[PDB]
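[1] Build me a structure from this.
(2 chains, ligands or ions: 2)
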Number of protein chains: 2
Amino acid sequence: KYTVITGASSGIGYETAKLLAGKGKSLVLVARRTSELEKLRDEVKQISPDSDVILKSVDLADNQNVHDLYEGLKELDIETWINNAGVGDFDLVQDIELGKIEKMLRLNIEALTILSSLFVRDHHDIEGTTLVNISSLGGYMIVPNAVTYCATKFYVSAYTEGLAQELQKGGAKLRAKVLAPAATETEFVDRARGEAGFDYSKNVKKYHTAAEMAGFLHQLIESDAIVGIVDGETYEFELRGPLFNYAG
Amino acid sequence: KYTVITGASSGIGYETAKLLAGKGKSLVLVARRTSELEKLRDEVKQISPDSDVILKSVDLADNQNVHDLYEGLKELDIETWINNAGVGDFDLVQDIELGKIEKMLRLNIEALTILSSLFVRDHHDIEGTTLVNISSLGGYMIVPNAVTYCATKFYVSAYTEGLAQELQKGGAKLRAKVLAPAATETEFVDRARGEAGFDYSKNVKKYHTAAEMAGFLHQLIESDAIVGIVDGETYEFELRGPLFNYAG
Ligand SMILES: NC(=O)c1ccc[n+]([C@@H]2O[C@H](COP(=O)([O-])OP(=O)(O)OC[C@H]3O[C@@H](n4cnc5c(N)ncnc54)[C@H](OP(=O)(O)O)[C@@H]3O)[C@@H](O)[C@H]2O)c1
Ligand SMILES: NC(=O)c1ccc[n+]([C@@H]2O[C@H](COP(=O)([O-])OP(=O)(O)OC[C@H]3O[C@@H](n4cnc5c(N)ncnc54)[C@H](OP(=O)(O)O)[C@@H]3O)[C@@H](O)[C@H]2O)c1
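    Numbers count the residues shown, from 1 in each chain, chains lettered A, B, ... in the order given. Ligands and ions are numbered 1, 2, ... in the order given. Next up is the structure itself:
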């Protein structure tokens, strides 16, 4: 029985793999950097010798890549699916690189939608399955100079909040949860601005570590809440219900 | 000086074209059905003989099609650009057809974002320019049995509210606005559920006509408001500022 983590090679996804390793889970680790994946597998195996680990070097910004990934995993007994892979961009709309933004839409929205839909299709009446989508506090609150990114996270928030409440109204066994982290110390900002070495310690007053966020992720799965969100003012992690208006 | 209307071959975008023709506007009308576009052009020319009308039979669910479209109109004086083309789907996530949902993302989110981005890049400091993105009350309110579509309208809402406030803080001359219609008598229902014939008169208790929505759209342009949103209870058209939290 497997937990699937896209974007496992660094950051939130990486620390989540090490946490579920310590809980003895078997994992499917997806990302492009095979070198990083094989590195994380070794740590998983050292943490948890009897945990089986499958790697998938896959660029999820391509739509058939996404379909092929899920088709390759149907042989498997998946209890948890985590759409963690995701990139930002810090730029005015007038200055964006259309190709980077397009890649972002395809990763942040499409891959997550395709994978959520296929998983929902196949696991909606299977007891004990969970679907976790990673959004951001920026999916509930627009941040200046990250308009296009925030909009992809509002999509993930509204998508997953609606899907969660759809499954509840339908008595589905599958559970669907959305995580909304705040400043988390990952490679997200370096990747977003295109240059490495941004120092959270020196530049950001409030932020969680990736290992902390992996724990909040684990709390969310182990709970009845649809939303696990970091409050922007207190920086507390709160398990709670949907934030967006629902017509049901 | 031209107003670009995507999804002009029916519904809101069509009635808008006629309304603007009655104002003497020149029009770029984009859609797939050349049949419906030519017919509209005849009607526009009868309304307004000296209005120039350019037709563009384009499928905007293809990202290269979207790019080609903008590049073909870079030789025009565009004052207003209206991202109106969009489709819905009524279905549980577990039942969606992956292809229709994917095209919906490509149309509702990507095309709108690509055309929004290029227009902003080229027009932000051109006096008297306006960008209008057509969301829905479903972009501020999740609706059961339409989770994915709502999600795409939440994206359109957050993106355009973000962009609008971005341009304001920067002293742009370009104005960005979002229209959030409620039940609007168009082909939208038929296209979502894949068969023709849905009767608003007999099935929907509250709804605007497509001509009414064209009027709210026009009043939105003739306003200093970022959001024009129909109230779901009273069905009043309200011109107001953003609805989502902004961190600026
Ligand atoms: N960090 C924060 O402050 C923060 C705040 C709110 C939300 N988030 C959300 O956190 C999630 C995790 O990101 P992170 O903060 O941990 O950042 P990160 O350290 O940059 O990790 C991003 C992950 O996504 C993978 N990825 C990126 N593009 C990919 C692609 N095209 N195909 C496949 N995998 C791809 C990366 O691996 P490869 O490079 O190997 O492909 C990596 O494993 C994201 O969804 C992000 O939006 C983060
Ligand atoms: N009607 C409502 O209840 C309601 C409420 C809120 C929001 N809205 C929004 O209103 C907007 C306009 O739709 P409508 O309600 O007027 O419905 P509609 O009558 O179906 O019009 C949609 C338009 O989009 C065009 N279109 C669809 N797919 C396209 C594609 N792939 N490429 C290019 N053009 C495409 C259609 O023309 P072709 O098929 O000829 O290409 C048509 O002109 C949409 O954004 C919709 O979400 C509608």
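[2] contacts, neighbours, all on C-alpha from now
    Noted.
[3] burial count for the closest residue to residue A:50 other than its chain neighbours?
    Spatial nearest neighbour of residue A:50, excluding adjacent residues (Cα to Cα, 6 or more residues apart in numbering or on different chains): residue A:24 at 7.6 Å. Using other Cα atoms under 10 Å in any protein chain shown, residue A:24 has 17 neighbouring residues.
[4] these two touch, right, residue A:24 and residue A:48?
    Yes - here residue A:24 reaches residue A:48: they are 5.8 Å apart, a contact under Cα atoms under 8 Å.
[5] Can you pull the phi/psi pair for the spatially most central residue of chain A?
    By Cα atoms, centre = their mean, the mean C-alpha position of chain A lies nearest to residue A:84, the distance being 2.0 Å. Main-chain torsions, residue A:84, degrees, to the nearest 10: phi -100, psi -30.
[6] Point out the residues in chain A that sit beside chain B.
    Taking Cα under 8 Å from any Cα of the partner chain as the contact definition, chain A meets chain B at A:92-96, A:98, A:102, A:105, A:110, A:114, A:117-118, A:120-122, A:124, A:140-145, A:147-148, A:150-152, A:154-156, A:158-159, A:162-163, A:166, A:244-248.
[7] swap the cut-off to 7 Å and go again
    Residues of chain A found near chain B (Cα under 7 Å from any Cα of the partner chain) are A:93-95, A:98, A:114, A:117, A:120-121, A:141-144, A:147-148, A:151-152, A:154-155, A:158-159, A:162-163, A:166, A:244-248.
[8] mind saving the C-alpha coords of the helix ranked longest in chain A as CSV?
    In chain A, taking DSSP state H as the definition, the longest helix is helix A:147-169. C-alpha atoms of helix A:147-169 as CSV (Å, rounded to 0.1, in the frame of the first residue of the first chain):
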residue,chain,number,x,y,z
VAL,A,147,-0.9,37.4,-9.3
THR,A,148,-0.7,34.5,-11.8
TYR,A,149,0.7,32.1,-9.2
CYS,A,150,-2.0,33.1,-6.6
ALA,A,151,-4.6,32.5,-9.2
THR,A,152,-3.4,29.0,-9.8
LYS,A,153,-3.6,28.5,-6.0
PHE,A,154,-7.1,30.0,-5.8
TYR,A,155,-8.0,27.3,-8.5
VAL,A,156,-6.5,24.6,-6.3
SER,A,157,-8.3,25.9,-3.2
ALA,A,158,-11.7,26.2,-4.9
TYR,A,159,-11.2,23.0,-6.8
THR,A,160,-10.3,20.9,-3.7
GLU,A,161,-12.8,22.6,-1.4
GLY,A,162,-15.6,21.8,-3.9
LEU,A,163,-14.3,18.3,-4.5
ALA,A,164,-14.1,17.7,-0.8
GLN,A,165,-17.7,18.8,-0.2
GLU,A,166,-18.8,16.9,-3.3
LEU,A,167,-17.5,13.7,-1.9
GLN,A,168,-19.1,14.3,1.5
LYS,A,169,-22.5,15.0,0.0
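[9] Could you look up the SS state of residue A:14?
    Reduced to three states with DSSP: H, G, I helix; E, B strand; the rest coil, the structure at residue A:14 is helix.
[10] Test my guess that residue A:22 contacts residue A:45.
    No - Residue A:22 is beyond contact range of residue A:45, at 9.7 Å (criterion: Cα atoms under 7 Å).
[11] Who has more neighbours out of those two?
    residue A:45 (18 against 15).
[12] quick one: the helices in chain A?
    Using DSSP H, the helices of chain A run over A:11-22, A:34-47, A:63-72, A:98-105, A:112-123, A:147-169, A:188-193, A:200-203, A:210-221.
[13] and the nearest residue to residue A:88 once chain neighbours are set aside, what does it touch?
    Among residues not flanking residue A:88 along the chain, residue A:192 sits closest, at 4.7 Å (Cα to Cα, 6+ apart). Counting by Cα atoms under 7 Å, 6 or more residues apart in numbering or on different chains, residue A:192 makes contact with A:87-90.
[14] again, but for residue A:74
    No contacts exist for residue A:74 under Cα under 7 Å, 6+ apart.
[15] For it, grab phi and psi.
    Phi and psi for residue A:74, reported as degrees, to the nearest 10, are phi -70, psi -20.
[16] What parts of chain A come near ligand 1?
    Residues of chain A found near ligand 1 (Cα under 6 Å from any ligand atom) are A:7-13, A:31-33, A:58-61, A:84-87, A:107, A:134-136, A:181-188, A:191.
[17] ok so, going back, go through the longest helix of chain A and flag the buried ones.
    A:147-167 (16 or more other Cα atoms under 10 Å in any protein chain shown).
[18] gap between the residue located most distally from the centre of chain A and residue A:154?
    Note on chain A: the largest C-alpha distance from the chain mean falls to residue A:94, namely 28.0 Å (Cα atoms, centre = their mean). Using Cα to Cα, to the nearest Å, one gets 21 Å for the distance from residue A:94 to residue A:154.
[19] likewise residue A:117?
    Shown here: residue A:117 relative to residue A:154, a distance of 18 Å by Cα to Cα.
[20] these two touch, right, residue A:156 and residue A:132?
    No - in this structure, residue A:156 is not within contact of residue A:132 by Cα under 7 Å, at 10.6 Å.
[21] Okay, and the beta partners of the residue nearest to residue A:38 when sequence neighbours are not counted?
    Spatial nearest neighbour of residue A:38, chain neighbours left out: residue A:55 (7.6 Å); criterion: Cα to Cα, 6+ apart. With DSSP bridges as the criterion, residue A:55 is bridged to residue A:29.
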